[PDB]
There are 2 protein chains.
Amino acid sequence: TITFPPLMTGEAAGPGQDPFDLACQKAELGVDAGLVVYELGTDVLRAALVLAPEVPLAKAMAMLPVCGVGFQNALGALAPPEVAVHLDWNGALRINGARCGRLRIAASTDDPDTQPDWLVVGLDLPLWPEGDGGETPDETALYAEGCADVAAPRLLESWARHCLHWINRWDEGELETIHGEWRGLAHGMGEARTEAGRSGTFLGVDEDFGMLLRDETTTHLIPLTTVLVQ
Amino acid sequence: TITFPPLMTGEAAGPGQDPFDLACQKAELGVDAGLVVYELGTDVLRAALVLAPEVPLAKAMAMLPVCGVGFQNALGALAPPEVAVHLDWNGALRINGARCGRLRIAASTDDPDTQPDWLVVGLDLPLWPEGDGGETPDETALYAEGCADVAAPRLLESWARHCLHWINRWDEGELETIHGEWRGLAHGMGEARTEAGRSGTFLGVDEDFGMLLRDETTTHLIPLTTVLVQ
Ligand SMILES: [Ca+2]
Ligand SMILES: [Ca+2]
Ligand SMILES: [Ca+2]
């Protein structure tokens with residue numbers, strides 16, 4: 001039994017359905033915020049949250065870092081303390097330095113100025129490595145990294161709970177604290193980076209979590225809207 | 001603009017729709033928890049919340065007292081301190097001792113042992129008295145009772161916020177504290193009462209908020225399930 005906070009609604013994905021796709025489909029059909037679509041296998045955990053923040057898209061993109069912090073907190077509550085989680089700006093997850101899943105984000109609009117009707121954040125997390133020869137960016141899997149005592153259902157519940165904590169704080173105006181939490185977890189800050197066909201040093205982020213990428217002569221601003229799933 | 005907490009979804013009632021009925025209709029159609037249907041006029045405020053507590057109906061009935069406490073807290077935050085709010089066991093509201101609206105409750109089942117698929121709590125609050133000659137239990141109206149500086153939209157927002165606070169505490173196991181808050185607001189406790197065709201002294205309530213009604217020779221238990229809208 002998967003128990004979510006009050007006013008979150010869990011829905012297991014059925015045949016032909018995957019969580020991120022289904023949550024987006026349901027969101028476009030008018031299903032409200034608070035839906036958590038999930039799909040658990042022995043080798044993978046997928047889940048997706050439907051949100052509706054009443055701000056322009058530019059600002060609603062903070063839901064990605066917010067749910068990343070949620071995930072880091074959720075795994076830290078369940079895993080051995082030596083397991084390090086870092087968050088890539090683009091939503092990729094790293095466990096003990098290795099690519100191990102990702103957070104995805106979609107919304108009802110791609111205009112930075114428009115308030116979206118909906119936004120969905122999806123988690124994909126490998127639990128055991130898939131060795132079938134399917135193309136993957138993942139370099140490890142959760143249970144390969146010392147987290148064998150972490151149950152997938154409990155991790156899902158915990159992600160939902162910690163995401164809700166940070167989303168509520170974001171709503172109460174605590175963006176600055178969120179920025180600080182996220183900066184401490186950010187992968188590769190201060191280091192070389194290629195992004196959106198540009199290269200430089202990942203200097204940090206602006207208030208809307210846009211990447212500041214400094215090359216030899218200029219600083220590029222890459223808005224976080226660029227990672228929206230099209 | 002009516003702003004609700006994150007993961008609450010406001011929906012204004014359209015032509016042919018009223019909040020409590022519509023929320024129940026939508027709930028039976030599968031709309032999840034967190035919907036707040038509302039309808040504001042100059043003379044009346046109506047609203048309804050869709051909930052889905054994962055407990056048997058017997059225990060889910062606590063949502064009525066919970067949302068009553070929510071309302072008392074919400075009005076107290078906005079009204080002059082001399083305005084007294086009391087809660088009837090059956091959901092009726094009293095302002096300065098006079099009947100002035102009510103909370104209603106419905107659910108997907110009437111079996112006390114079954115976990116309901118949904119529960120809806122509705123608020124009906126008169127703002128000015130209706131003098132058209134329509135039959136009403138109400139003896140006053142909010143703006144007749146010194147609350148002219150309370151805006152209906154702000155009261156609605158506040159009800160939603162305070163209900164969510166108490167529903168979250170209920171979920172975290174704080175039933176005992178809820179009982180205490182509710183007992184302090186209860187109308188007519190320790191006094192004569194007629195209920196479900198029985199008469200006696202309203203002694204108090206059991207853990208499931210069932211009324212203990214003591215007559216000359218016995219104590220009746222009236223379960224709160226009896227106030228479910230059929
Ligand atoms: Ca699937
Ligand atoms: Ca109507
Ligand atoms: Ca909802």
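Atoms considered below: every heavy atom in the structure, side chains included; atoms not considered: hydrogens, waters and symmetry mates. Proteins come first, then strands; the chains are lettered A, B, ... in the order of their sequence lines, and each starts at number 1.
- Residues A:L125 and A:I95 meet the side-chain proximity criterion, which asks for heavy atoms closer than 4.5 Å.
- With no hydrogens or angles considered, a side-chain donor-acceptor pair links A:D138 and A:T136 at under 3.5 Å.
- Here the side chains of A:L221 and A:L212 are in contact, with some heavy-atom distance below 4.5 Å.
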**Request:** For A:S158 and A:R154, run side-chain contact (heavy atoms from CB on, under 4.5 Å): C-alpha distance rounded to whole Å, both residues' side-chain angles, the deciding distance at 0.1 Å, then the answer.
**Result:** CA-CA 6 Å; A:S158 192; A:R154 302 293 82 77; over 6 Å; no

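- Salt bridge absent: A:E172 and A:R169 never bring a charged side-chain N and a carboxylate O closer than 4.0 Å.
- Considering all non-hydrogen atoms of both residues, B:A77 and B:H162 come closest at CB-CE1, 4.4 Å.
- A distance-only check finds no donor-acceptor pair linking the side chain of A:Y143 to the backbone of A:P129 [under 3.5 Å].
- With contacts defined as side-chain heavy-atom distances shorter than 4.5 Å, the pair B:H179/B:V205 qualifies.
- Between the A:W118 side chain and the A:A106 main chain, no donor and acceptor come within less than 3.5 Å of each other.
- No donor-acceptor distance shorter than 3.5 angstrom exists from the side chain of B:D208 to the backbone of B:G210, with no hydrogens or angles considered.
- Here the CG-CG distance, from A:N90 to A:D88, works out to 4.0 Å after rounding to the nearest 0.5 Å.
- The structure places NE2 of A:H187 at 4.0 Å from CZ of A:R94, a figure rounded to the nearest 0.5 Å.
- A donor-acceptor distance shorter than 3.5 angstrom exists from the side chain of A:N96 to the backbone of A:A84, with no hydrogens or angles considered.
- Salt bridge annotation for B:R46-B:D21: absent, with no cationic side-chain nitrogen under 4.0 angstrom from a carboxylate oxygen.
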**Request:** For the pair A:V31 and A:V50, evaluate side-chain contact (heavy atoms from CB on, under 4.5 Å) and give the outcome as yes or no after the intermediate values.
**Result:** CA-CA 8 Å; A:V31 189; A:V50 173; 5.9 Å; no

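- Looking only at side-chain heavy atoms (C-beta outward), B:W89 and B:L224 come within less than 4.5 Å of each other.
- Remark: B:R104 engages B:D124 in a salt bridge, criterion side-chain N to carboxylate O under 4.0 Å.
- Summarising the geometry, atom CZ belonging to A:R193 is positioned 12.0 Å from atom OG1 belonging to A:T201; distances are rounded to the nearest 0.5 Å.
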**Request:** Quick one: do A:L93 and A:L123 satisfy side-chain contact (heavy atoms from CB on, under 4.5 Å)? Show the steps, please.
**Result:** CA-CA 10 Å; A:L93 294 169; A:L123 172 63; 3.5 Å; yes

Between side-chain atoms of residues 1-14 of chain B and protein atoms elsewhere (two or more places apart, or another chain), which donor-acceptor pairs fall under 3.5 Å?
{"unit_1": "B:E11", "atom_1": "OE1", "unit_2": "B:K26", "atom_2": "NZ", "d": "2.9"}
{"unit_1": "B:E11", "atom_1": "OE2", "unit_2": "B:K26", "atom_2": "NZ", "d": "2.7"}

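- Looking at heavy atoms from C-beta onward, A:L45 lies out of side-chain contact with A:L142 at the 4.5 angstrom threshold.
- Here the shortest heavy-atom pairing between B:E39 and B:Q17 reads OE1-O, 3.2 Å.
- Atom-to-atom distance recorded for A:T140:OG1 and A:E145:CD is 3.5 Å, nearest 0.5 angstrom.
- When all heavy atoms of A:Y38 and A:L40 are compared, the closest pair comes out as CD1-CD1, 3.6 Å.
- Nearest heavy atoms, A:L78 versus A:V150: O-CG2, 3.4 Å.
- Using modelled atom types, one side-chain atom of A:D206 and one backbone atom of A:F209 make a donor-acceptor pair closer than 3.5 Å.
- Using a 4.5 Å heavy-atom threshold, the side chains of A:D111 and A:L57 count as separate.
- At distances below 3.5 Å, at least one donor-acceptor pair connects side-chain atoms of A:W159 with backbone N or O atoms of A:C67.
- Put simply, the side chain of A:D215 gets close to the backbone of A:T217: a donor and an acceptor are under 3.5 Å apart.
- Distance check, rounded to the nearest 0.5 Å: SG of B:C163 to CG of B:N168 gives 11.0 Å.
- Distance NE2/A:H86 to CD/A:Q72: 8.5 Å, rounded to 0.5 Å.
- For A:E82, the CD atom is densely surrounded, since the number of other residues' heavy atoms within 6.0 Å is greater than 12.
- Between A:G97 and A:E139, the closest heavy-atom pair is O-OE1, 4.4 Å.
- Residue A:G204 comes nearest to A:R183 through the heavy atom pair CA-NH1, 4.4 Å, listed as atom of the first residue, atom of the second, then distance.
- Under the 3.5 Å distance criterion, the side-chain polar atoms of B:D171 are left unmatched by any main-chain donor or acceptor of B:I167.
- In this structure, the side chains of A:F202 and A:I222 stay at 4.5 Å or more apart for every pair of heavy atoms.
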**Request:** Please report the C-alpha distance between B:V121 and B:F71 in whole Å, then the side-chain angles of each, then the deciding distance to 0.1 Å, and finally whether the side-chain contact (heavy atoms from CB on, under 4.5 Å) criterion is met.
**Result:** CA-CA 12 Å; B:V121 174; B:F71 181 78; over 6 Å; no

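- Inter-residue side-chain proximity for A:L228 and A:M61 is flagged as met; some heavy-atom pair is nearer than 4.5 Å.
- In terms of modelled atom types and a separation under 3.5 Å, the side chain of B:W166 and the main chain of B:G68 share no donor-acceptor contact.
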